[PDB]
Each structure stands twice: as structure tokens, then as C-alpha cells.
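J.: Got a structure for you, final_10.pdb, holding PDB, C-alpha atoms.
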ATOM      1  CA  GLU L   1      51.583  35.496  90.081  1.00  0.00           C
ATOM      2  CA  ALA L   2      52.628  35.864  86.440  1.00  0.00           C
ATOM      3  CA  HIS L   3      52.951  39.641  86.792  1.00  0.00           C
ATOM      4  CA  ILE L   4      54.959  39.296  90.012  1.00  0.00           C
ATOM      5  CA  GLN L   5      57.327  36.785  88.399  1.00  0.00           C
ATOM      6  CA  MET L   6      57.723  39.038  85.356  1.00  0.00           C
ATOM      7  CA  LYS L   7      58.542  42.022  87.577  1.00  0.00           C
ATOM      8  CA  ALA L   8      61.036  39.990  89.619  1.00  0.00           C
ATOM      9  CA  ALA L   9      62.751  38.668  86.488  1.00  0.00           C
ATOM     10  CA  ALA L  10      62.912  42.125  84.906  1.00  0.00           C
ATOM     11  CA  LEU L  11      64.265  43.923  87.980  1.00  0.00           C
ATOM     12  CA  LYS L  12      66.779  41.163  88.829  1.00  0.00           C
ATOM     13  CA  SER L  13      69.220  42.508  91.437  1.00  0.00           C
ATOM     14  CA  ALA L  14      69.389  46.138  90.303  1.00  0.00           C
ATOM     15  CA  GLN L  15      71.167  48.031  93.074  1.00  0.00           C
ATOM     16  CA  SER L  16      69.728  51.487  93.733  1.00  0.00           C
ATOM     17  CA  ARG L  17      72.288  54.293  93.971  1.00  0.00           C
ATOM     18  CA  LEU L  18      71.189  57.406  95.844  1.00  0.00           C
ATOM     19  CA  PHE L  19      74.012  59.590  94.488  1.00  0.00           C
ATOM     20  CA  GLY L  20      76.146  60.009  91.406  1.00  0.00           C
ATOM     21  CA  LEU L  21      79.425  61.837  90.886  1.00  0.00           C
ATOM     22  CA  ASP L  22      79.374  65.080  92.853  1.00  0.00           C
ATOM     23  CA  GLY L  23      79.204  68.250  90.783  1.00  0.00           C
ATOM     24  CA  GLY L  24      81.938  69.957  92.773  1.00  0.00           C
ATOM     25  CA  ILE L  25      84.987  69.404  90.586  1.00  0.00           C
ATOM     26  CA  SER L  26      87.612  71.648  92.182  1.00  0.00           C
ATOM     27  CA  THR L  27      89.351  69.488  94.780  1.00  0.00           C
ATOM     28  CA  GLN L  28      92.367  71.788  95.268  1.00  0.00           C
ATOM     29  CA  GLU L  29      92.716  75.216  96.857  1.00  0.00           C
ATOM     30  CA  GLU L  30      92.867  78.526  95.019  1.00  0.00           C
ATOM     31  CA  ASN L  31      96.432  79.823  94.774  1.00  0.00           C
ATOM     32  CA  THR L  32      96.210  83.345  96.197  1.00  0.00           C
ATOM     33  CA  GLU L  33     100.000  83.759  96.188  1.00  0.00           C
ATOM     34  CA  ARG L  34     101.428  86.674  94.235  1.00  0.00           C
ATOM     35  CA  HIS L  35     104.023  86.586  91.464  1.00  0.00           C
ATOM     36  CA  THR L  36     106.607  89.349  91.143  1.00  0.00           C
ATOM     37  CA  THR L  37     109.557  90.194  88.906  1.00  0.00           C
ATOM     38  CA  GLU L  38     111.805  89.785  91.959  1.00  0.00           C
ATOM     39  CA  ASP L  39     111.031  86.063  92.197  1.00  0.00           C
ATOM     40  CA  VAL L  40     113.746  83.525  91.431  1.00  0.00           C
ATOM     41  CA  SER L  41     111.160  81.134  89.958  1.00  0.00           C
ATOM     42  CA  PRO L  42     107.421  81.037  89.192  1.00  0.00           C
ATOM     43  CA  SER L  43     107.028  78.694  92.183  1.00  0.00           C
ATOM     44  CA  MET L  44     109.384  80.332  94.706  1.00  0.00           C
ATOM     45  CA  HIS L  45     110.166  83.876  95.887  1.00  0.00           C
ATOM     46  CA  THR L  46     113.681  83.663  97.357  1.00  0.00           C
ATOM     47  CA  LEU L  47     116.221  81.001  98.314  1.00  0.00           C
ATOM     48  CA  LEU L  48     116.661  82.291 101.831  1.00  0.00           C
ATOM     49  CA  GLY L  49     118.680  79.831 103.885  1.00  0.00           C
ATOM     50  CA  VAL L  50     120.542  78.288 100.948  1.00  0.00           C
ATOM     51  CA  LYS L  51     124.307  78.494 101.437  1.00  0.00           C
ATOM     52  CA  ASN L  52     126.703  78.063  98.527  1.00  0.00           C
ATOM     53  CA  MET L  53     129.648  76.173  99.944  1.00  0.00           C
TER      54      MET L  53
ATOM     55  CA  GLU T   1      93.801  88.253 101.227  1.00  0.00           C
ATOM     56  CA  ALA T   2      93.687  89.579  97.661  1.00  0.00           C
ATOM     57  CA  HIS T   3      94.279  93.149  98.844  1.00  0.00           C
ATOM     58  CA  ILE T   4      97.165  92.062 101.083  1.00  0.00           C
ATOM     59  CA  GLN T   5      98.798  90.135  98.232  1.00  0.00           C
ATOM     60  CA  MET T   6      98.341  93.106  95.895  1.00  0.00           C
ATOM     61  CA  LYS T   7      99.943  95.448  98.436  1.00  0.00           C
ATOM     62  CA  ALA T   8     102.848  93.052  99.014  1.00  0.00           C
ATOM     63  CA  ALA T   9     103.448  92.637  95.278  1.00  0.00           C
ATOM     64  CA  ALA T  10     103.275  96.389  94.661  1.00  0.00           C
ATOM     65  CA  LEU T  11     105.593  97.386  97.513  1.00  0.00           C
ATOM     66  CA  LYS T  12     108.115  94.592  96.807  1.00  0.00           C
ATOM     67  CA  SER T  13     111.302  95.310  98.781  1.00  0.00           C
ATOM     68  CA  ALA T  14     111.282  99.113  98.615  1.00  0.00           C
ATOM     69  CA  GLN T  15     113.915 100.295 101.083  1.00  0.00           C
ATOM     70  CA  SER T  16     112.912 103.413 103.014  1.00  0.00           C
ATOM     71  CA  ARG T  17     115.549 106.154 103.152  1.00  0.00           C
ATOM     72  CA  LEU T  18     115.229 108.641 106.001  1.00  0.00           C
ATOM     73  CA  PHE T  19     117.593 111.200 104.439  1.00  0.00           C
ATOM     74  CA  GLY T  20     118.689 112.471 101.060  1.00  0.00           C
ATOM     75  CA  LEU T  21     121.729 114.488 100.033  1.00  0.00           C
ATOM     76  CA  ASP T  22     122.439 117.114 102.676  1.00  0.00           C
ATOM     77  CA  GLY T  23     121.785 120.700 101.639  1.00  0.00           C
ATOM     78  CA  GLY T  24     125.078 121.937 103.049  1.00  0.00           C
ATOM     79  CA  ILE T  25     127.272 122.074  99.959  1.00  0.00           C
ATOM     80  CA  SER T  26     130.365 123.926 101.178  1.00  0.00           C
ATOM     81  CA  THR T  27     132.718 121.235 102.467  1.00  0.00           C
ATOM     82  CA  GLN T  28     135.841 123.441 102.564  1.00  0.00           C
ATOM     83  CA  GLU T  29     136.823 126.357 104.785  1.00  0.00           C
ATOM     84  CA  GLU T  30     136.554 130.030 103.897  1.00  0.00           C
ATOM     85  CA  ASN T  31     139.925 131.475 102.897  1.00  0.00           C
ATOM     86  CA  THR T  32     140.318 134.503 105.165  1.00  0.00           C
ATOM     87  CA  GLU T  33     143.935 135.041 104.087  1.00  0.00           C
ATOM     88  CA  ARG T  34     144.825 138.409 102.597  1.00  0.00           C
ATOM     89  CA  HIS T  35     146.430 139.127  99.232  1.00  0.00           C
ATOM     90  CA  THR T  36     148.915 141.971  98.839  1.00  0.00           C
ATOM     91  CA  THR T  37     151.066 143.467  96.090  1.00  0.00           C
ATOM     92  CA  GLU T  38     154.125 142.369  98.085  1.00  0.00           C
ATOM     93  CA  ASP T  39     153.290 138.686  97.595  1.00  0.00           C
ATOM     94  CA  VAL T  40     155.514 136.528  95.406  1.00  0.00           C
ATOM     95  CA  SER T  41     152.490 134.504  94.250  1.00  0.00           C
ATOM     96  CA  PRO T  42     148.697 134.472  94.683  1.00  0.00           C
ATOM     97  CA  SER T  43     149.139 131.428  96.948  1.00  0.00           C
ATOM     98  CA  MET T  44     152.233 132.447  98.945  1.00  0.00           C
ATOM     99  CA  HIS T  45     153.505 135.596 100.686  1.00  0.00           C
ATOM    100  CA  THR T  46     157.289 135.140 100.889  1.00  0.00           C
ATOM    101  CA  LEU T  47     159.873 132.414 100.298  1.00  0.00           C
ATOM    102  CA  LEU T  48     161.436 132.775 103.712  1.00  0.00           C
ATOM    103  CA  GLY T  49     163.875 129.944 104.341  1.00  0.00           C
ATOM    104  CA  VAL T  50     164.663 129.273 100.680  1.00  0.00           C
ATOM    105  CA  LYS T  51     168.402 129.483 100.012  1.00  0.00           C
ATOM    106  CA  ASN T  52     169.758 129.897  96.493  1.00  0.00           C
ATOM    107  CA  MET T  53     172.906 127.815  96.396  1.00  0.00           C
TER     108      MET T  53
END
For the structure just supplied, provide its representation as C-alpha cells.

T.:
Amino acid sequence: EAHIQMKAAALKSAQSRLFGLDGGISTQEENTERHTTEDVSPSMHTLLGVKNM
Amino acid sequence: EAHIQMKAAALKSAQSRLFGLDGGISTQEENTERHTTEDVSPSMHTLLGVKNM
């Protein structure tokens, strides 16, 4: 009885977690898009439908 | 995908020309006109209707 009470008092209410933080860090997608000197910006190739006035 | 992006970036917007400068250089007409000692000038034969005063 003493050992059981000691074990119960030591363990308390310790929740058991089956997993931790996943090791897969990359949550985005690889950017396979090309970059060329013809681009108007590092994020865009052309401004196709844009109309100035 | 990597090969397609590489090809697209390398080709860019290269316009394809079906023709180059034409090899036919002579754009004028052959001068079949004669030249004679009777001519008043290398470019003219007579001054027919010219009236002096």
C-alpha cells in the first residue's frame, strides 16, 4: 500500500503524449518557377492585361 | 518540370524569322540605251524642242 501510494503521488496526472513536433519542417512548396532578364520584377514575368489609361 | 523551366528560360521570346535579306541585289533596270558620238551628253541624245529665245 505504501509503494502504491508513493507511485500514485509521484506520477500525479502526467499526461502521456505519443508524438512530439514533427520533423518535417518545410510546409510550403518548392518554387520551380524560372527567373529571366526579361522579367519586370523578381515575382512577375509580364504585366499582360494592364492598360495605362 | 526543371527541364521545361530551363528550356523556357533559355528560349525566352526568340522570334523565328522565315527569311533573311533576299539574294537578288539588282533593284534597278538594265540600261539598254546606246551611246553615240552625236549625243549632246552621256545622258541625253538631242535637245529637240528646246528653243533659244

J.: I want to know what sits within 12 Å of residue 43 (chain T), based on only C-alpha atoms, with residues of the same chain fewer than 6 positions away left out; could you give that as a ChimeraX atom specification?

T.: /T:31,33-36

J.: Select from chain T every residue with an atom at most 12 Å from any atom of chain L, then for each give the shortest pair of atoms and their distance in Å to one decimal, using all atoms listed in the file, rows by chain and rising number, as CSV.

T.:
residue,atom,partner,partner_atom,distance
T:1,CA,L:32,CA,7.4
T:2,CA,L:32,CA,6.9
T:3,CA,L:32,CA,10.3
T:4,CA,L:34,CA,9.7
T:5,CA,L:34,CA,5.9
T:6,CA,L:34,CA,7.3
T:7,CA,L:34,CA,9.8
T:8,CA,L:34,CA,8.1
T:9,CA,L:36,CA,6.2
T:10,CA,L:36,CA,8.5
T:11,CA,L:36,CA,10.3
T:12,CA,L:38,CA,7.8
T:13,CA,L:38,CA,8.8
T:14,CA,L:38,CA,11.5

J.: Might I get the box with edges along x, y and z of the file that holds all atoms of region 6-14 of chain T listed there, padded by 5 Å on every side, given as centre and edge lengths in Å to one decimal, as JSON?

T.:
{"center_x": 104.8, "center_y": 95.9, "center_z": 96.8, "size_x": 23.0, "size_y": 16.5, "size_z": 14.4}
